[PDB]
Structures are given as structure tokens and as C-alpha cells.
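Sharing a structure below in C-alpha cells format, with a few things to ask.
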Amino acid sequence: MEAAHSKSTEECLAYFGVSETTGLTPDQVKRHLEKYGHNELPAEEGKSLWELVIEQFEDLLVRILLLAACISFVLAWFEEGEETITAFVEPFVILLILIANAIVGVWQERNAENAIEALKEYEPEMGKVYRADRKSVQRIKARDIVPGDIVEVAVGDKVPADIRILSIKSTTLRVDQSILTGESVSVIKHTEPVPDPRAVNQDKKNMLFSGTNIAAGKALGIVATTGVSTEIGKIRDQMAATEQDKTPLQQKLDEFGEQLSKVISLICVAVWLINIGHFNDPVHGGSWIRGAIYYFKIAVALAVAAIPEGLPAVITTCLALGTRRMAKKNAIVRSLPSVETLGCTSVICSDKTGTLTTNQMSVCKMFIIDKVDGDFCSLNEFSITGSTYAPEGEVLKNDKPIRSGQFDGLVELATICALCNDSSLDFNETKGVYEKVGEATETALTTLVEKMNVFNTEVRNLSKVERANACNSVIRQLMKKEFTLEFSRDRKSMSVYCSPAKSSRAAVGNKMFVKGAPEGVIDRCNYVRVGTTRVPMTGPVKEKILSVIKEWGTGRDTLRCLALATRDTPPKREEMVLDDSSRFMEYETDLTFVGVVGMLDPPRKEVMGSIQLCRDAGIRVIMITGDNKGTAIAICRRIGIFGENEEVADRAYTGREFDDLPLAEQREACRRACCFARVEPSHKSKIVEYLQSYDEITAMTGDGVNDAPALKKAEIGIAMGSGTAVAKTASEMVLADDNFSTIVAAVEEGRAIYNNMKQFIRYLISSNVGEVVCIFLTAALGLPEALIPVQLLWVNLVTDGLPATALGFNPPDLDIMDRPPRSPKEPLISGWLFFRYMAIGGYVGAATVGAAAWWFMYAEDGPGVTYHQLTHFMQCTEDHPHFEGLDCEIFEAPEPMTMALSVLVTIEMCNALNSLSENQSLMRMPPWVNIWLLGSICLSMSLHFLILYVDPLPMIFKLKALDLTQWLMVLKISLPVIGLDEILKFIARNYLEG
Ligand SMILES: C/C=C(/C)C(=O)O[C@H]1C(C)=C2[C@H]([C@@H]1OC(=O)CCCCCCC)[C@@](C)(OC(C)=O)C[C@H](OC(=O)CCC)[C@@]1(O)[C@H]2OC(=O)[C@@]1(C)O
Ligand SMILES: Nc1ncnc2c1ncn2[C@@H]1O[C@H](COP(=O)(O)OP(=O)(O)OP(=O)(O)O)[C@H]2OC3(O[C@H]21)C([N+](=O)[O-])=CC(=[N+]([O-])O)C=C3[N+](=O)[O-]
Ligand code: NA
């Protein structure tokens, strides 16, 4: 029964065919269990370990490498030689990487927590029902509760289902439902129907929501909904239905993988097409088996040359480091891939209170009526010093301090403030500062009366914790609080009914003290207090009051105004129905206006500067707040969201206004809007959708379970450090200090991380372009393998991995927060840069192939076969060039491969330096700008020498230490890559203007 709140208790009992005093029968339980299922959120996705291991082999590139491993394993199993210890190295290395890659992926899932599973925190093991088969209450498992059950709840209990309250067995029922409504204080509940079928949860005063806590009292109720049908269950279903897109980098990486495999196959086809002259070779003679091994051998090297095998690790290492850096600036990143998305943020939607503002509410202005004489009117207007919940401060008139007790109108002002109040003030002994106990609005009133001190009580004699409630206590002893009529959003006021403490069984003396939004309160005032006297409320007086309120609430003061009033002659105590909140407005009529208080929740000292940074970065900021629209707009102006004088009619909306717009107008509103006042949880989600249909990258704040759908849907969900665990698990980022400025500082940091990522991605991939050319060249010219997979793997994992990681520490550009948000669709490599890395790739390929071939021919140590071709033959069954003696295994010597590798390694150290800046010359941006990079290059070279000298390694990698002369040739062919890129950088700067 989803519309339970609007049904009478009788109607709820009759719908389920159940009696309040007996509860459901065994047959009813069985039938209701079949119909509605168990009272629980559905179980998590059954993701087994085996299924998880398989998923690690789904990526296109890892499939290629597994196929590479399989061919490599077959070529080791059917090879020529006796060394099994060296033959099975290549396949085993590739397999280890696949296994290591699988271990990490599997590990990441075991430590991952999901938000849907964090909801189960809010479903208790047990509940209490009355069922027909037993007289006394029976505690059962919450999952066995069905709609229709008569349920009992008491103080401390966690509500087991969405329940319609039937009867409250205590004076009052109080409920902590902050997790669902963001209501600070525990809320009061009643049993009367709530007419609106579309009432938001806050107006459902006759409902208990699954997962909330009873703060005070004991109630009997009937279960309306269970399982996915509850308020928390609906939140769950929304989250489960939210699919999150891959980040722009992940999408480009996948695009790259698709293209890479397409290119790998086409090269294989080219290598086959370039060797179709083998069809003209005689069938008798020649080695088919060795020529087939040669083709597969280069297919493996091709596959290994093409994949940036060390790229995922570099990305992760870079992400982890920047993440720990962001943590020190209070930005706790939960999703490593989100750092990129964060840099792309184009819209930040931010809650106001605690994030834009300090949530330290303070009264700094108030007024009472001074005089009423026909058309003429005057006010006694005061100011109050002090921005803390601390009683430290004084009341001023015209900037000079006055005694508050000197004005009778202020005495009642304080009385109303002290009594019409569900909050208190306490000094936290450990923290060293004063902390609010309840609603911020109310605690600010508590602080006000301590500053006022209307009866001049000695406060200097007491300590911090003791004087915190000194002036309040004086007023409480003066009037007895009979009851309280709780605040309601419809009438926008609250009141207390008070009787004199001095009197006994009297007939007269009672007062209602009333507080609320000025509008409704003032309209229900028939009288105006002037000192101790009373005059009728008249037009000129009303104008004057509203005029000041309008100025305080909509002008530069940006104050929340509250009107204080008294019912001098309240209805007889027995004539009041305390269970029917719909009668509460009627009880608060024929009031006497006493005064207005205006309170400021000040902006964080850093937000105004941070909003400016957003403007400079082309990031739109949207404020979301519970202030009324006029005050919301005033605050946006104050902090820089709106200009002081600019028109904003179509750029600020309340929930009501926004709902009255048709779908098309709602979308349009979202593209220009910067202020949303009084929206519901549902609006956050709709705002994100609309922003996403303009392709905005949206950051959205949230703190409660009700925020989880929107947090999950936004590209960057941002949770408060002080908020719920559920909100945190639904988010990409957590604000440790809750500060809006932390968001902006995280966006900047994200922009800087991405820029460095782009450099090392381009660096690693460009090397793969060069390695592929080398392999293609050797396969095209029929040369012996200049580079083998084991060597290629070492270079991509270790040798280049360090300079790649070092590039992650490139200094950031000074204009970082002065450019518009990066386009999600921006390619990493295109246009001139594509040509640049083709030219470098073409150079690297030729430089490595040339270095190996040079050793074979023009070198001193080599078997000088100058202009003789290895292209000619690798057969050794003809002996044309060698005319006497047998020697052919030099075609498989370790020296020319060492030449090729040392060239690759050296060029790549040079190309890392080329990668410090995209377009700037090493003459304008020198290598020593990144000390880490210089360090990594040294470490990489010493690791290259390590695999050349340290006994086991030289054999494994098929290498042997180069001569001093041979190292000079390496430098001769490698170093000019700097020159080449320098030239290409010169062309990009001068002949390609924007
Ligand atoms: C890396 C190794 C190889 C063998 C492959 O060719 O890379 C291509 C490739 C997959 C792309 C291309 C490569 O194209 C070429 O190398 C030119 C074709 C000549 C083939 C040589 C035959 C002997 C990148 C590498 O070209 C250059 C010169 O840098 C740029 C870029 O890559 C990126 O933008 C980085 C993606 C994270 C991609 O065109 C990319 O595909 C698209 O999805 C992009 C948009 O991604
Ligand atoms: N949709 C709405 N319709 C009508 N009024 C709304 C609405 N939403 C909020 N208000 C009023 O505005 C004040 C601020 O809203 P609130 O939601 O608590 O703050 P936030 O928006 O910052 O919440 P957040 O921190 O983001 O989770 C509340 O103070 C009070 O009644 C509330 C309040 N209260 O919530 O309990 C008590 C009170 N008295 O009487 O002291 C005065 C308020 N007031 O004057 O605004
Ligand atoms: Na999200």
C-alpha cells in the first residue's frame, strides 16, 4: 500500500483485511508472503571467482598476448637445439604477465565495496509483530514481515519496514530519519491521514520508514510496503538501474585496442603479401618448416612490439601517487580512473550549507516595534556581534552597546527565543569550541539570548560548559512549557504553549509563543507589541515590517529572517487537538507581533576565491539550498555565482517552479540555471540527466541515503566526510573537510595529472610504433630478428616504465585553471602529432634494423659481409657468399641484437626528454626541469648494463656486452632523434597558428 500516508488507519486495516488487536492469521501470512515476497533487498550479483578470472582475459589486447603466448609455446615445443632452459623462457614470461595482470584484477574486486550492499546496513535482523496465533508480541526475523502485519516499535528500535502508524502508546513519538530526509532533530509523528497523495517523505508525519530509528516513544503500526517497495528499496532500485559510462580515457584505450588489433592483422597480411615470391620457389628443396617458424616468430614479436605492456601499471602508479597527494588536500578519491573525469568537470552542483557556507548560524540583526501612531511608525533595530555559537558578544544600537533588558519588547523577544526552541548549547571540552545541539537556526536563537541577558544574571562567575545555558535557564524557570506544536512546511511556523510557573490553579495567564517564516506568521498577527502595550496590526505597520525583512533577506545582508509572535489569549488547554497537525495553524492565529531576528550562515573564507577559479576555468557552479528563492539568489550574488546587478529570473528556480515547467523547458532551465532553492531528492537526479543531455561532465554533492541515486548518476559523485557511509560508497570522491574549495582544488589537480598522463601515454605508445616498424622492416627485408619478444617486454615494462612514470611528475602549466574544460572527445594523438610519431617511429624502426645489420656487415667484430645480403638467404644449404668453411649460426649472434636493443633503449631515453613538452624546445624547456626524469634515465641505463653483465641475464635475453667502439655507434644513430623532434617541434610552433 504505497499511498498509506493518505489513508486513514481504518482504511489501511480494511485494505489488508486485518484486525489491529489480533493481527494476521497463518493463512494470511502465507498468502501475503507469496504475493509480496520477503522483506529484504535482493541479493548481490553472484560473481564467482572463476567468472572473475575469465573476465581478466576479455580485453582485446590480452587475447592477442595469450594467442602470442600459445604460438610462442608451440615454437618452443618444436624447435632446433638442445637448450630447453632457454627455449621456454619467452612463453613463460608472456604467461606470467597475463597471470600477474589477472591476480591484480581479481584482487581489485575482493577489496571493492558497492553502495547497494551498503544499504543492507539499514535493515535490522529482527522486528516485533502481533499475529493471530499468539496473544503476546512475537519477535521475528525482519525478512518474514509482510505488508498487513501489525508491527510494534519502541525507543532504540530500527524500523523494519515502511509502516503506517496506527496508535502512539506514549505521550509522543520521536524518530531519527536523518538518513532519508536530512532532518537534523528527531521528528514528531502523528496518526492522522496526510491528504496529498504526492506528499514528500518529510510531510509523511504518519509514516515510519524502513531503516530509520525510534528516538523516543512506543508505537503500534501496520506494514504498508516491504522489500524493494519501501522508500529505501526505491532508492536501491534507482541505483541498480543506473549504468555508469566508462571515463574518456578508458573509451580511448578501448578504441586504441580495437584499432591496434586491426593494424596487427593488416601487417601480418602485408608481411605475407611481400613474400608471395615464395610461391615461385621450387617445391623440392628449401625448408618449409623453418620458413613457417620465421613467419610465426615475427607474428609473436609483432604482437609484443605493438602492445604497451607496461602502460596499465604506469597509469595506476601515477593515479595512486596523485591520489595520496589529493588526500593531503582533503580530497579522498575512491575511484582512481575518476581523477581524469574530475579534470573534465564542466558543472559543479553543490549543496550550500556546510559546503559553500560554514553551517555556523549567527543572529546579527533584530528589531521590535518602537511606536505606532496612525500613519506613522518606527522600529527599534539592533545589531549583534559574534559569529560563533559562543555566547561571546554584545547587542548594539547605532553601533553603541545597550542593555537589552532596558527594552521590554526585547525581554519578550528573548522569552520567545528561549522557549519556542527544541535546541540547546554545549561546549565540547575535547574540541575546545562551542557546538550546536539540534537545528542550526534554533541554536542561534539560544546563543542570542545568552548575549542579550535580559535580566542581567551573573555569567562571568561560571565556566564554559556552565554558562552555555545560563540566560536560557532563567527564562525556563519563568514559564512552564505545557507542549509544543512542531514546525511544519505548510504553515512554516512552530509554537509552544506556556503557563506561568508562579501561578497554581488559575483561569488566565497562559501564552503561546510562536516562531517561523515571516510571511505566514505576520498575516496571522492581529496585534503589535509596543513595549508592554498592544495595538492593532494595521497596514502602515505591516508595510514597515515587511520592508525591513525584504531588505535583510534579499539585500547584501543575506539573512534568514524569523518572525516572533505571541498569542496573548490562547485557546483553552482542553480545547486543543494535539494529534492533528492540520489544526496547528488555527491554534496559532490572532497573534501579537513581537519582532524579527535575522541570522547569517557565512560563506567559507575560501569559497569566493574558488568560485572565481571556476569562472576562469569555464566551470559552471550551481547552488542547491533550502533557503527561500529570494535569499538563495541574494547568497549567490554574495559569493559570486551571480553578479551583483545582473538579471536572474530565468537562472534560478524553486522545486515548485521547476515542476510546473514542461519537460522541454525543464531541460533548457538546467543549461542556464545556477540556483535551485527548495528541491527534493528526485530533482538532483533530474538535474544530472538534463546536464548529461548537453554532454556536461557533472560533479554533484550529497550526504544521505537519499542522495545516493544522484551521486551514482553524476560523472563525479561527491560525498561529505561527515555524511553517511552509503553516500560515500556511491561516490567517486569524499570531502574530508566538506569544503567546496576542496572540489575546485581537486579539479585543478586532476587537470594537471591528465596533462602529464597524456605525455607518458604518448611516450609509451610512440615507442611501440617504433618497435613495430623494426619488426615489419626485418620481416619485409628478410633480415634476422633484430629484436626478440623477451627484450621487447623488458623495454616496455622496465626500461621505458621508469621514464614514463617520471613524466608523470612533469611540472604543470601555469595557465592550468585559465582554460575551458577539456573536451571528452579530444584525441590523444592526431593531426601533426600523428605525423610526428610516424616520423619518430619510422626513424626508430630504421635505426634498430640498421644497427643490427651494421654489425653483420660494416663492423670490426662482425663477419664483414658488406653489401652481401642476409636478405639473400638464411638457408645455409647453398654456400654462395661463403666459399670455404661452414659457419651459419652467426646469423643468430647475440651482438647485433644487443646493438639493436641498446639503440632502442638509448633513443627512448632521448624520446622521454622529447616528451617533457609537446611543442617546446629543450632550449626553452630544459631536461633538468624534471629531476625525477633525469634520475629515472640513470636508473634505466644501469638496469640495461645489469642485463649485459650479470651472468644469468645476458644468456636469457640473448645479449653480450658491447665494445666502447660499438657503444659510440649506438650514440651516433640514437642521439639525432632529439634533432628530428626538435625540427618537428619548430614547425608546429611557427607554421601552425591557432
Ligand atoms: C601503436 C602501434 C601500431 C602498430 C599501430 O600502427 O598504431 C596505430 C594505432 C592503433 C593508432 C595510431 C597508430 O597508427 C599508426 O601508427 C600509423 C599507421 C602505420 C602503421 C605502421 C605499419 C608498419 C597512433 C598510435 O598513431 C601514432 C603515429 O601515434 C595514434 C592514436 O593513438 C592514440 O591516440 C593514443 C590512444 C590512447 C590512434 O590513431 C591509434 O588508433 C586510434 O584508436 C587512435 C586515435 O587512438
Ligand atoms: N521545502 C520547504 N518548504 C518550506 N520551508 C522549507 C523548505 N525547505 C526548507 N525550509 C525551511 O528552511 C530552513 C533551511 O532548510 P534545510 O533543509 O534544513 O537546510 P539545508 O537546505 O541547508 O539542508 P542540507 O544541509 O543541505 O541538508 C529550515 O529552517 C526551518 O524550516 C526550514 C525549520 N526547520 O526545518 O525545522 C524550523 C524553523 N523554526 O521555526 O525555527 C524555521 C525554518 N525556517 O525559517 O526556514
Ligand atoms: Na557517480
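Along the sequence shown, the residues carry numbers beginning at 1. Excluded from the calculations below are hydrogen atoms, water molecules and symmetry mates; all remaining heavy atoms, backbone and side chain alike, are included. We count ligands from 1, going down the list as the structure has it; atoms in each ligand are counted the same way.
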Answer yes or no: is there an ion pair linking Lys629 with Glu657, defined by an N-O contact shorter than 4.0 Å? yes
Starting from atom 17 (O) of ligand 2, find the nearest protein heavy-atom neighbour and note its residue, name and distance. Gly626 CA, 4.4 Å
Measure across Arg174 and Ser186 and return the closest heavy-atom pair with its distance rounded to 0.1 Å. NH1-O, 3.2 Å
Protein heavy-atom contact under 4.0 Å for atom 44 (C) of ligand 1? no
Does the ring center of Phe676 lie less than 6.0 Å from the ring center of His683? no
Contact summary for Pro602 and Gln360, nearest pair of heavy atoms: CD-O, 3.4 Å
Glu732 near the Na ion (ligand 3) via N/O/S, less than 3.0 Å: yes
Region of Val772 that comes within reach of ligand 1 [heavy atoms, distance under 4.0 Å]: side chain
Mind checking whether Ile315 and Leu253 have side chains closer than 4.5 Å, heavy atoms only? yes
May I ask you to identify the nearest protein heavy atom to atom 8 (C) of ligand 1, giving residue, atom name and distance to one decimal place in Å? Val263 CG2, 4.6 Å
Please confirm whether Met494 approaches ligand 2 to less than 4.0 Å, judged on its heavy atoms. yes
Do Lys515 and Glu442 sit within salt-bridge range, that is, some charged N less than 4.0 Å from a carboxylate O? yes
The Na ion (ligand 3) to nearest N/O/S of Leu711 less than 3.0 Å: yes
Under 4.0 Å from a heavy atom of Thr353: which atoms of ligand 2 are those, numbered in the order shown and with their elements? 20 (P), 22 (O), 25 (O)
Only heavy atoms of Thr625, strictly under 4.0 Å: list the atoms of ligand 2 that pass. 21 (O)
Residue, atom name and distance, where the atom is the protein heavy atom closest to atom 38 (C) of ligand 2: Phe487 CD1, 3.6 Å
Do the side chains of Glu519 and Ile549 get nearer than 4.5 Å, heavy atoms only? no
shortest atom 32 (O) of ligand 1-to-protein heavy-atom contact is with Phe256 CD1, 4.0 Å
At what distance is the nearest protein heavy atom to atom 26 (O) of ligand 1, and which residue and atom is it? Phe834 CE1, 3.3 Å
For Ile416, the option from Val496, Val514, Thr566 that meets side chain to side chain contact (heavy atoms under 4.5 Å, CB included): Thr566
Among all protein heavy atoms in this structure, tell me which lies nearest to atom 42 (C) of ligand 1, with the distance rounded to 0.1 Å. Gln259 CG, 3.9 Å
Nearest heavy atom to atom 44 (N) of ligand 2 wins, so pick from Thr355, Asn421, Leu562, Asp627. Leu562
For ligand 2, is there an atom lying under 4.0 Å from some heavy atom of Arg560? yes
Only heavy atoms count here, so choose which of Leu311, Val769, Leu302 is nearest to atom 1 (C) of ligand 1. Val769
Classify the contact between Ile829 and ligand 1 as side chain, backbone, both or neither, using a heavy-atom distance cut-off of under 4.0 Å. both
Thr247 and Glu340: side-chain donor and acceptor closer than 3.5 Å? yes
Of all the non-hydrogen atoms in the protein, which one sits nearest to atom 8 (N) of ligand 2, and at what distance? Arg489 NH2, 3.4 Å
Donor on one side chain, acceptor on other, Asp351 and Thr625, under 3.5 Å: no
Using a strict 4.0 Å threshold on nitrogen-to-oxygen distance, state whether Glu826 and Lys758 make a salt bridge. yes
Tell me whether atom 35 (C) of ligand 1 lies less than 4.0 Å from at least one protein heavy-atom position. yes
Atom indices of ligand 1 within 4.0 angstrom of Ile765 heavy atoms, with elements: 25 (C), 35 (C), 36 (C), 37 (C)
Verify the distance criterion only: is there a donor paired with an acceptor across the side chains of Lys204 and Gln177 at less than 3.5 Å? no
For atom 31 (O) of ligand 2, is there a protein heavy atom at a distance under 4.0 Å? yes
Examine the side chains of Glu771 and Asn796 and answer whether a donor and an acceptor come within less than 3.5 Å of each other. yes
Could you find the nearest protein heavy atom to atom 2 (C) of ligand 1 and give me its residue, atom name and distance? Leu260 CD1, 3.6 Å
Taking everything shown except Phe483 itself, do over 12 heavy atoms lie less than 6.0 Å from its CZ? yes
Distance under 4.0 Å to a non-hydrogen atom of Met838: what atoms of ligand 1 satisfy this? 28 (C)
Can you check which of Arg678, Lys515, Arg656 brings a heavy atom nearest to atom 39 (N) of ligand 2? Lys515
Yes or no, since that's all I need: does a protein heavy atom fall within a distance strictly under 4.0 Å of atom 18 (C) of ligand 1? no
3.0 Å cut-off met by an N, O or S atom of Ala714 to the Na ion (ligand 3): yes
Counting only non-hydrogen atoms of the protein, does one fall under 4.0 Å from atom 21 (C) of ligand 1? no
Protein heavy atom at shortest distance from atom 18 (O) of ligand 2: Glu439 OE2, 4.2 Å
Correct closest heavy-atom pair for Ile64 and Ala303 would be CG2-CB, 3.9 Å
Atom 10 (N) of ligand 2 touched by protein (heavy atom, under 4.0 Å): yes
